[PDB]
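Just structure-v7.txt here, compact mmCIF, C-alpha atoms and all ligand atoms:
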# COMPACT_ATOMS: atom_id res chain seq x y z
CA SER T 29 -63.50 148.27 -174.90
CA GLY T 30 -66.81 149.06 -176.60
CA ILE T 31 -68.57 152.41 -177.05
CA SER T 32 -68.59 154.45 -173.83
CA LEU T 33 -71.08 157.13 -172.77
CA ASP T 34 -70.67 159.72 -170.00
CA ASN T 35 -74.32 160.68 -169.49
CA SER T 36 -74.48 159.64 -165.83
CA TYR T 37 -72.36 160.32 -162.74
CA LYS T 38 -69.91 157.63 -161.67
CA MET T 39 -71.61 156.33 -158.52
CA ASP T 40 -69.54 153.17 -157.99
CA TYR T 41 -66.72 154.69 -155.92
CA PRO T 42 -65.90 152.70 -152.71
CA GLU T 43 -68.28 154.99 -150.78
CA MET T 44 -71.50 156.77 -151.75
CA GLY T 45 -70.43 159.70 -149.60
CA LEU T 46 -71.56 161.73 -146.60
CA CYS T 47 -75.12 162.74 -145.79
CA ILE T 48 -74.97 165.60 -143.30
CA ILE T 49 -78.33 166.21 -141.61
CA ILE T 50 -78.61 169.50 -139.71
CA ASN T 51 -81.74 169.21 -137.57
CA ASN T 52 -82.62 172.51 -135.89
CA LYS T 53 -85.64 172.18 -133.62
CA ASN T 54 -85.00 174.44 -130.60
CA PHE T 55 -83.95 178.05 -131.08
CA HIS T 56 -82.50 180.54 -128.59
CA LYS T 57 -85.30 182.48 -126.88
CA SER T 58 -83.79 185.80 -128.00
CA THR T 59 -84.29 185.00 -131.70
CA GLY T 60 -88.03 184.77 -131.16
CA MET T 61 -88.22 181.69 -133.39
CA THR T 62 -90.66 178.87 -132.58
CA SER T 63 -89.76 175.24 -131.96
CA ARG T 64 -90.08 173.14 -135.10
CA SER T 65 -92.27 170.30 -133.83
CA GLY T 66 -92.14 167.24 -136.06
CA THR T 67 -88.63 167.93 -137.38
CA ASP T 68 -87.28 164.91 -135.45
CA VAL T 69 -89.58 162.68 -137.50
CA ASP T 70 -87.99 164.24 -140.60
CA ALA T 71 -84.44 163.77 -139.28
CA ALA T 72 -85.14 160.12 -138.42
CA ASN T 73 -86.86 159.45 -141.75
CA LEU T 74 -83.92 160.94 -143.68
CA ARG T 75 -81.32 158.99 -141.66
CA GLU T 76 -83.05 155.69 -142.45
CA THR T 77 -83.66 156.61 -146.09
CA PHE T 78 -80.07 157.59 -146.85
CA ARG T 79 -78.78 154.70 -144.76
CA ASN T 80 -80.53 152.36 -147.22
CA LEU T 81 -78.87 154.31 -150.05
CA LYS T 82 -75.54 153.51 -148.36
CA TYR T 83 -74.59 157.07 -147.37
CA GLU T 84 -72.47 157.78 -144.29
CA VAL T 85 -75.11 159.71 -142.34
CA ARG T 86 -74.10 162.19 -139.62
CA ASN T 87 -77.05 163.72 -137.74
CA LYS T 88 -76.39 167.04 -136.00
CA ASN T 89 -78.96 168.66 -133.71
CA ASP T 90 -79.61 172.29 -132.70
CA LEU T 91 -76.54 173.96 -134.18
CA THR T 92 -75.76 177.67 -133.90
CA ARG T 93 -74.87 179.77 -136.96
CA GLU T 94 -71.20 179.46 -135.94
CA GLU T 95 -71.37 175.67 -135.57
CA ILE T 96 -73.05 175.28 -138.97
CA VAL T 97 -70.30 177.25 -140.72
CA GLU T 98 -67.56 175.37 -138.85
CA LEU T 99 -69.17 171.98 -139.60
CA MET T 100 -69.48 172.73 -143.32
CA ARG T 101 -65.91 174.03 -143.56
CA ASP T 102 -64.53 170.96 -141.74
CA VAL T 103 -66.54 168.56 -143.89
CA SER T 104 -65.36 170.35 -147.05
CA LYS T 105 -61.75 169.93 -145.89
CA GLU T 106 -62.15 166.15 -145.63
CA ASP T 107 -60.79 163.84 -148.31
CA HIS T 108 -63.75 162.76 -150.46
CA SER T 109 -61.57 160.99 -153.08
CA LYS T 110 -63.19 157.63 -152.39
CA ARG T 111 -66.68 159.15 -152.18
CA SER T 112 -69.10 159.29 -155.12
CA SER T 113 -71.06 162.33 -153.97
CA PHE T 114 -72.09 164.62 -151.13
CA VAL T 115 -75.48 165.25 -149.53
CA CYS T 116 -76.42 167.90 -147.00
CA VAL T 117 -79.90 168.22 -145.55
CA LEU T 118 -80.93 171.42 -143.77
CA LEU T 119 -84.06 171.39 -141.59
CA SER T 120 -84.72 174.78 -140.02
CA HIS T 121 -86.47 178.12 -140.24
CA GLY T 122 -85.60 180.24 -143.24
CA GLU T 123 -86.12 183.08 -145.69
CA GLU T 124 -85.07 183.46 -149.33
CA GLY T 125 -81.40 182.45 -149.52
CA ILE T 126 -81.22 181.95 -145.76
CA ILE T 127 -81.43 179.10 -143.25
CA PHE T 128 -81.38 179.73 -139.53
CA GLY T 129 -78.88 178.57 -136.98
CA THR T 130 -80.29 178.35 -133.45
CA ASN T 131 -78.99 181.85 -132.68
CA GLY T 132 -79.17 183.57 -136.05
CA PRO T 133 -79.17 183.35 -139.89
CA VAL T 134 -76.65 181.79 -142.26
CA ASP T 135 -76.55 182.72 -145.95
CA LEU T 136 -77.10 179.54 -147.99
CA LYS T 137 -74.37 180.79 -150.32
CA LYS T 138 -71.83 180.68 -147.47
CA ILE T 139 -72.58 177.00 -146.83
CA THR T 140 -72.51 175.94 -150.49
CA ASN T 141 -69.39 177.97 -151.35
CA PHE T 142 -67.24 175.60 -149.25
CA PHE T 143 -68.07 172.91 -151.80
CA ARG T 144 -67.33 174.90 -154.99
CA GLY T 145 -65.36 173.05 -157.66
CA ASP T 146 -62.27 175.12 -156.84
CA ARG T 147 -62.58 174.91 -153.03
CA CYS T 148 -63.28 171.18 -152.52
CA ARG T 149 -61.12 169.41 -155.12
CA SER T 150 -62.00 165.89 -153.98
CA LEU T 151 -65.64 166.61 -154.88
CA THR T 152 -64.97 168.35 -158.21
CA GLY T 153 -67.05 166.75 -160.96
CA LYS T 154 -69.17 164.89 -158.38
CA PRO T 155 -72.82 165.71 -157.47
CA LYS T 156 -73.30 167.93 -154.42
CA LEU T 157 -76.90 167.76 -153.22
CA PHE T 158 -78.48 170.29 -150.88
CA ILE T 159 -81.93 169.33 -149.62
CA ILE T 160 -83.57 172.27 -147.86
CA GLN T 161 -86.68 172.12 -145.69
CA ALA T 162 -87.17 175.76 -144.68
CA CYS T 163 -89.30 178.74 -145.67
CA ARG T 164 -88.14 180.95 -148.53
CA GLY T 165 -90.43 183.84 -147.71
CA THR T 166 -93.92 184.51 -146.40
CA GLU T 167 -96.21 183.91 -149.39
CA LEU T 168 -99.04 181.38 -149.18
CA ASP T 169 -100.23 179.31 -152.14
CA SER T 170 -104.06 179.40 -152.28
CA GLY T 171 -104.22 176.66 -154.92
CA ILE T 172 -106.85 175.98 -157.61
CA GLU T 173 -109.45 173.45 -158.90
CA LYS T 186 -62.14 173.80 -166.88
CA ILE T 187 -65.63 173.50 -165.39
CA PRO T 188 -67.80 176.13 -163.63
CA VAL T 189 -67.33 176.31 -159.86
CA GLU T 190 -71.12 176.34 -159.51
CA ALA T 191 -71.49 173.18 -161.61
CA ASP T 192 -72.58 169.80 -160.23
CA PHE T 193 -74.80 171.28 -157.53
CA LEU T 194 -78.43 170.36 -156.98
CA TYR T 195 -80.74 172.24 -154.63
CA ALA T 196 -83.89 170.33 -153.75
CA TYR T 197 -85.95 173.12 -152.18
CA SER T 198 -89.06 172.25 -150.21
CA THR T 199 -91.01 175.19 -151.58
CA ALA T 200 -91.11 177.75 -154.42
CA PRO T 201 -89.09 181.02 -154.13
CA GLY T 202 -90.69 183.51 -151.73
CA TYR T 203 -93.09 181.00 -150.15
CA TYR T 204 -93.61 179.50 -146.71
CA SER T 205 -92.87 175.79 -146.36
CA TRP T 206 -95.20 173.50 -144.44
CA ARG T 207 -94.39 171.16 -141.57
CA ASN T 208 -96.79 168.91 -139.67
CA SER T 209 -96.05 168.63 -135.93
CA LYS T 210 -96.88 164.90 -135.90
CA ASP T 211 -95.98 163.58 -139.36
CA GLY T 212 -93.05 165.86 -140.17
CA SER T 213 -92.72 168.19 -143.17
CA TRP T 214 -94.71 167.60 -146.35
CA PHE T 215 -91.56 167.74 -148.46
CA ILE T 216 -89.37 165.43 -146.38
CA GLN T 217 -92.18 162.89 -145.87
CA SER T 218 -92.67 162.81 -149.64
CA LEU T 219 -88.96 162.83 -150.49
CA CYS T 220 -88.23 159.85 -148.26
CA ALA T 221 -91.24 157.88 -149.52
CA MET T 222 -90.25 158.47 -153.15
CA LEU T 223 -86.59 157.59 -152.55
CA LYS T 224 -87.50 154.34 -150.75
CA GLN T 225 -89.80 153.38 -153.61
CA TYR T 226 -87.83 154.59 -156.67
CA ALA T 227 -84.13 154.97 -155.76
CA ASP T 228 -83.33 151.58 -157.32
CA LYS T 229 -85.38 152.37 -160.44
CA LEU T 230 -85.43 156.06 -161.45
CA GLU T 231 -82.94 158.84 -162.17
CA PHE T 232 -82.93 161.48 -159.41
CA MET T 233 -84.74 164.27 -161.31
CA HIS T 234 -87.58 161.85 -162.05
CA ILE T 235 -87.73 160.93 -158.36
CA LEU T 236 -87.89 164.63 -157.39
CA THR T 237 -90.62 165.19 -159.97
CA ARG T 238 -92.68 162.49 -158.18
CA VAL T 239 -91.95 164.37 -154.93
CA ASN T 240 -93.31 167.56 -156.53
CA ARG T 241 -96.54 165.78 -157.52
CA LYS T 242 -96.96 164.12 -154.11
CA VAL T 243 -96.57 167.39 -152.22
CA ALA T 244 -98.76 169.23 -154.73
CA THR T 245 -101.64 166.74 -154.62
CA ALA T 246 -101.70 164.87 -151.28
CA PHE T 247 -101.28 167.82 -148.92
CA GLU T 248 -103.39 170.81 -147.91
CA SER T 249 -103.11 172.87 -144.73
CA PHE T 250 -105.67 172.86 -141.95
CA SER T 251 -105.62 175.87 -139.62
CA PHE T 252 -108.02 177.63 -137.25
CA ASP T 253 -106.59 180.83 -138.75
CA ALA T 254 -108.31 181.63 -142.08
CA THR T 255 -105.11 183.26 -143.38
CA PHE T 256 -103.19 179.98 -143.10
CA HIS T 257 -106.02 177.56 -143.91
CA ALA T 258 -106.48 175.48 -147.08
CA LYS T 259 -103.05 176.33 -148.46
CA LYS T 260 -101.01 174.32 -150.95
CA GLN T 261 -97.31 173.84 -151.67
CA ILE T 262 -95.02 172.96 -154.57
CA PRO T 263 -91.32 172.08 -154.10
CA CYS T 264 -88.63 173.62 -156.28
CA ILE T 265 -85.94 171.53 -157.99
CA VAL T 266 -82.88 173.63 -158.87
CA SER T 267 -80.28 171.79 -160.90
CA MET T 268 -76.80 172.74 -162.01
CA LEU T 269 -75.99 169.03 -162.49
CA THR T 270 -74.17 168.04 -165.66
CA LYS T 271 -75.10 164.36 -165.70
CA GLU T 272 -77.90 161.99 -164.80
CA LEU T 273 -77.87 160.75 -161.22
CA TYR T 274 -78.76 157.17 -160.30
CA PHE T 275 -78.19 156.00 -156.73
CA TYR T 276 -77.65 152.43 -157.94
CA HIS T 277 -74.79 151.13 -160.11
CA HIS T 278 -73.55 148.07 -162.06
CA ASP B 2 -99.68 172.13 -139.72
CA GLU B 3 -97.10 174.86 -139.05
CA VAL B 4 -94.85 176.92 -141.35
CA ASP B 5 -91.05 177.10 -141.12
CL CL T 301 -91.22 181.55 -141.68
Turn the structure described in the file into C-alpha cells.
Amino acid sequence: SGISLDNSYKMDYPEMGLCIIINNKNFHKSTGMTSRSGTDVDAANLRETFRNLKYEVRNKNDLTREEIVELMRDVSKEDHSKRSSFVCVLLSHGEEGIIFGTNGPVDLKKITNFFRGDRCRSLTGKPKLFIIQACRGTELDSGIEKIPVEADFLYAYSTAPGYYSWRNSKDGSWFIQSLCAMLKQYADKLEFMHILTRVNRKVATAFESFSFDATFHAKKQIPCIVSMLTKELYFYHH
Amino acid sequence: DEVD
C-alpha cells in the first residue's frame, strides 16, 4: 500500500466503546452533602450526545463509593478487544483528586488505575476518556474585563485545579451543557482537543454566576483539559 | 447556580 501515518487513533473498530455515566444526585444524609439539582439534565444530555457518537451508554444513578469501585473494576475486566475506546463520565461532588460516592469519597486515581495499560490489556493503546463534572477545591474565579501505563488517558475536567465547579439547577452544569453542544456541532468535523478548546471558550465567555450571596456572585469558570493522549482523536472514521 |  501507499505511505501510512499513525497520527490518529484507530476509531473504526466494530464498536466505539462504552460510555459509563455515573450520575450522583442524592447523597446520604450523614455525609452532609447537598442534592445536585440539574444533574439529571446533564446525564440525559450526555446519554443522547454519546448515543449519536455511537457509544454503548450505561447510565448509573446514585452509587455509593463501594458501588463505584466495583463498577469500574467490573467494566475494566470486560473484553474491549472490539472496542475503539472507553469513556467514563463522573457527575458528583468533589475536591482535588476526589469524586464523591453517595456515602463517601473515592480517589480519582483508584478509578483510573483499573484502566492502566498494564491492568486493562484490551484497552492498551486506545484512548481512555474521563470527563469530570465536580469541584476540585473551594476557590472562586472573580474574572476580569513498551508504553507508559499512564499513557492514552484524557481527563476533561470541568474546572481548573483547586476551584469550585458550577452547576445550574435548571439547565445543568456549565461544562456539560457546553461539552454536549460542542460535540453535537463539531464531532463530525474537529479533532477532540479542538472540540474541548471550544468548550473552554464557551464556558469562559457565556457563563457567569448569579447569587444572592456576594461571595458566590459574578463568578467565572474555565475548564481544564489534561491530556496524556499519544494520538489525535476523531470520533468519525473512513 | 450552585457549586459542586
Ligand atoms: Cl464543593
Exercise. Neighbours of residue 163 in chain T within 7 Å (all atoms listed in the file; same-chain residues fewer than 4 positions away dropped), as a PyMOL selection string?
Worked result: (chain T and resi 121-123+203-205) or (chain B and resi 5)
Residue hits in chain T, query chain B, radius 10 Å, only C-alpha atoms, as a CSV table (one decimal) with C-alpha atoms, keeping the file's coordinate frame:
chain,number,residue,atom,x,y,z
T,61,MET,CA,-88.2,181.7,-133.4
T,62,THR,CA,-90.7,178.9,-132.6
T,63,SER,CA,-89.8,175.2,-132.0
T,64,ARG,CA,-90.1,173.1,-135.1
T,65,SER,CA,-92.3,170.3,-133.8
T,66,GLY,CA,-92.1,167.2,-136.1
T,119,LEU,CA,-84.1,171.4,-141.6
T,120,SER,CA,-84.7,174.8,-140.0
T,121,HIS,CA,-86.5,178.1,-140.2
T,122,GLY,CA,-85.6,180.2,-143.2
T,123,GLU,CA,-86.1,183.1,-145.7
T,161,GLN,CA,-86.7,172.1,-145.7
T,162,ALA,CA,-87.2,175.8,-144.7
T,163,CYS,CA,-89.3,178.7,-145.7
T,164,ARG,CA,-88.1,181.0,-148.5
T,165,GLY,CA,-90.4,183.8,-147.7
T,166,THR,CA,-93.9,184.5,-146.4
T,168,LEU,CA,-99.0,181.4,-149.2
T,203,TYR,CA,-93.1,181.0,-150.2
T,204,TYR,CA,-93.6,179.5,-146.7
T,205,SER,CA,-92.9,175.8,-146.4
T,206,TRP,CA,-95.2,173.5,-144.4
T,207,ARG,CA,-94.4,171.2,-141.6
T,208,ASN,CA,-96.8,168.9,-139.7
T,209,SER,CA,-96.0,168.6,-135.9
T,210,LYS,CA,-96.9,164.9,-135.9
T,211,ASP,CA,-96.0,163.6,-139.4
T,212,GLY,CA,-93.0,165.9,-140.2
T,213,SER,CA,-92.7,168.2,-143.2
T,214,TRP,CA,-94.7,167.6,-146.4
T,248,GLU,CA,-103.4,170.8,-147.9
T,249,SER,CA,-103.1,172.9,-144.7
T,250,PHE,CA,-105.7,172.9,-142.0
T,251,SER,CA,-105.6,175.9,-139.6
T,256,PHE,CA,-103.2,180.0,-143.1
T,257,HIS,CA,-106.0,177.6,-143.9
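Minimum atom-to-atom distance to ligand CL 301 (chain T), evaluated using all atoms listed in the file, belongs to T:126 out of T:47, T:172, T:81, T:126.
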For this session: Have a look at T:72, T:197, T:269, T:148 and name the one nearest to residue 124 in chain T; count only C-alpha atoms.
Result: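 With only C-alpha atoms as the atom set, the closest residue is T:197.
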Exercise. Could you work out how far CA of residue 239 in chain T lies from CA of residue 219 in chain T, giving the answer in Å with one decimal?
Worked result: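 Atom-to-atom, CA of residue 219 in chain T and CA of residue 239 in chain T are spaced 5.6 Å apart.
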Exercise. Hey, which of T:74, T:139, T:50, T:127 ends up closest to residue 101 in chain T? Count all atoms listed in the file.
Worked result: T:139
Exercise. For residue 240 in chain T, which of T:218, T:141, T:87, T:73 is the closest residue, counting only C-alpha atoms?
Worked result: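 Residue with the minimum atom-to-atom distance to residue 240 in chain T: T:218.
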Exercise. Which value, in Å to one decimal, gives the distance between CA of residue 83 in chain T and CA of residue 44 in chain T?
Worked result: 5.4 Å
Please return chain B, rebuilt to N, CA, C and O atoms, as a PDB file, in the frame of the given file.
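Just written: result-v1.pdb:
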ATOM      1  N   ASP B   2    -100.455 171.491-138.651  1.00  0.00           N
ATOM      2  CA  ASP B   2     -99.680 172.130-139.720  1.00  0.00           C
ATOM      3  C   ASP B   2     -99.124 173.479-139.246  1.00  0.00           C
ATOM      4  O   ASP B   2     -99.854 174.327-138.733  1.00  0.00           O
ATOM      5  N   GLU B   3     -97.818 173.634-139.431  1.00  0.00           N
ATOM      6  CA  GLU B   3     -97.100 174.860-139.050  1.00  0.00           C
ATOM      7  C   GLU B   3     -96.153 175.208-140.204  1.00  0.00           C
ATOM      8  O   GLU B   3     -95.808 174.343-141.007  1.00  0.00           O
ATOM      9  N   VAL B   4     -95.773 176.480-140.289  1.00  0.00           N
ATOM     10  CA  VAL B   4     -94.850 176.920-141.350  1.00  0.00           C
ATOM     11  C   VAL B   4     -93.461 177.126-140.739  1.00  0.00           C
ATOM     12  O   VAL B   4     -93.331 177.413-139.550  1.00  0.00           O
ATOM     13  N   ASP B   5     -92.440 176.934-141.568  1.00  0.00           N
ATOM     14  CA  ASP B   5     -91.050 177.100-141.120  1.00  0.00           C
ATOM     15  C   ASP B   5     -90.573 178.527-141.400  1.00  0.00           C
ATOM     16  O   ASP B   5     -91.320 179.480-141.187  1.00  0.00           O
TER      17      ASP B   5
END
